[PDB]
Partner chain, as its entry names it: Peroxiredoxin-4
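So this first bit is one chain, no partners, the form deposited without the partner chain, shown in structure tokens.
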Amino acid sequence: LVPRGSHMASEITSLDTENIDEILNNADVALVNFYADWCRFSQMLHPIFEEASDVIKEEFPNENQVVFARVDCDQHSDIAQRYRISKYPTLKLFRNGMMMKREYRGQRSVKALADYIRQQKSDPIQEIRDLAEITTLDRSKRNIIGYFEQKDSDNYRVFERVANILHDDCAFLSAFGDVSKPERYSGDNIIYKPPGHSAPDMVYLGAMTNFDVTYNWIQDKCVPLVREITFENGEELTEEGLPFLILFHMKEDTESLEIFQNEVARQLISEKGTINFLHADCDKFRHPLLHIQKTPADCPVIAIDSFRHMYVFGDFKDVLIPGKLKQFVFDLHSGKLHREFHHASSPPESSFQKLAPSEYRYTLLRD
């Protein structure tokens, strides 16, 4: 192949089909830049990526502690397809060869990049010294507690792997030895504490030596049916490629959230892979709410954002009427919502398209 004017050089390790599995599998944490020579955003990233690497290597000198690599997606389309690359540059985090769900989507600076790896390499598990601390757990979030006889054990090593992968989705806590023995009657145990004080504890019954099964059970508790959309996760949620069904509500309005999650669970399971069920704090999402001429005072508001348009569910109470919510999402897919929108008039434009990966930040790849 005859080099182009955009031909580049970098000391960052280049991944290819022959070396990728071994390099990634053996890296406790790896940050991989999927890029293309002709991408202006990739071009500006490269020197930032390299300096960040040098900074981080100085703090993590040991082999396979933190590995920085890159993938030329033009030269290795199989690797790009393997990881479902849809934009350049894409920064994926791996742990022991496993790709993490969250990409690096933050500031493209040496400092923000090094901060990120520092946070990710940090131990996320908080060890309990006194079993009285379980009573004072903040039940406004998800908590997973592992009780082990010994930190130097296969059970804890599985738990450590899982916590490292899911710390951004749940709070992990540990308890060992004599602190842990009172709750260790039948051996080591893993307990999920759901948010609130009206939900009982849930106990893991699988093999704690089995990373695959233990990961699946914990990850299942970490993912609700109706996810909260935030400014942080908005890009990721748009990238799942599904239109949004959104409850906008006040943070203190727990009642309408509960009603919504129950009616979704009751009516929309068939639509699981056809629309994304979400809720959003209406004070934080006042700008999207202006797209549908609503204010926090109008909430609770149920809306659809198709990434072309936004549609309003008539009146929140109607969600209690047995067919209504399902008909709303059916009317989306049939084109009826668009057809029947009334003040020939176009419905208002999508607001959440603005949180999707932007041509002002990436080279976007065609569907």
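Residue numbers count along the first chain shown, from 1.
Going from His343 to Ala344, you skip over 10 or more residues of the deposited sequence that the entry leaves unmodelled.
Look at the C-alpha B-factors of 99 to 107 and of 181 to 189. On average they run higher in 181 to 189.
Comparing 279 to 287 with 165 to 173, the stretch with the higher mean C-alpha B-factor in the PDB entry is 165 to 173. Residue-level inspection of the entry shows that, of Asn233, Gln150, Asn216, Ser256, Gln150 has the top Cα B-factor. Of the candidates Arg227, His249, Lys87, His197, the one whose C-alpha carries the top B factor in the deposited record is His197.
Ranked by Cα temperature factor within the chain, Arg157 sits in the highest third according to the deposited record. Looking at the C-alpha B-factors along this chain, the one for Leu355 belongs to the lowest third. Ranked within its chain, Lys324 lands in the lowest third, by CA B factor from the PDB record. For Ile125, the recorded CA temperature factor ranks within the highest third of the chain's modelled residues. Among all modelled residues in this chain, the alpha-carbon of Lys57 has a temperature factor (C-alpha) in the highest third.
We do not show the form deposited with the partner chain bound, though everything after this point is about it.
Taking the partner from the other structure, the partner chain in the deposited bound form has a heavy atom within 4.5 Å of a heavy atom of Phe41. The shortest heavy atom separation between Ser86 and the partner chain in the deposited bound form is within 4.5 Å. In the deposited bound form, the partner chain sits within 4.5 Å of a heavy atom belonging to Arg108. The partner chain is not drawn, but in the deposited bound form it has no heavy atom within 4.5 Å of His197. Of the candidate stretches 251 to 259, 159 to 167, 139 to 147, 86 to 94, only 86 to 94 has residues with heavy atoms within 4.5 Å of the partner chain in the deposited bound form. Put simply, of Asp201, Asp283, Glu127, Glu239 only one has a heavy atom within 4.5 Å of the partner chain in the deposited bound form, and it is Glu239. Of all the residues from 286 to 302, the single one having a non-hydrogen atom no more than 4.5 Å from the partner chain in the deposited bound form is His287.
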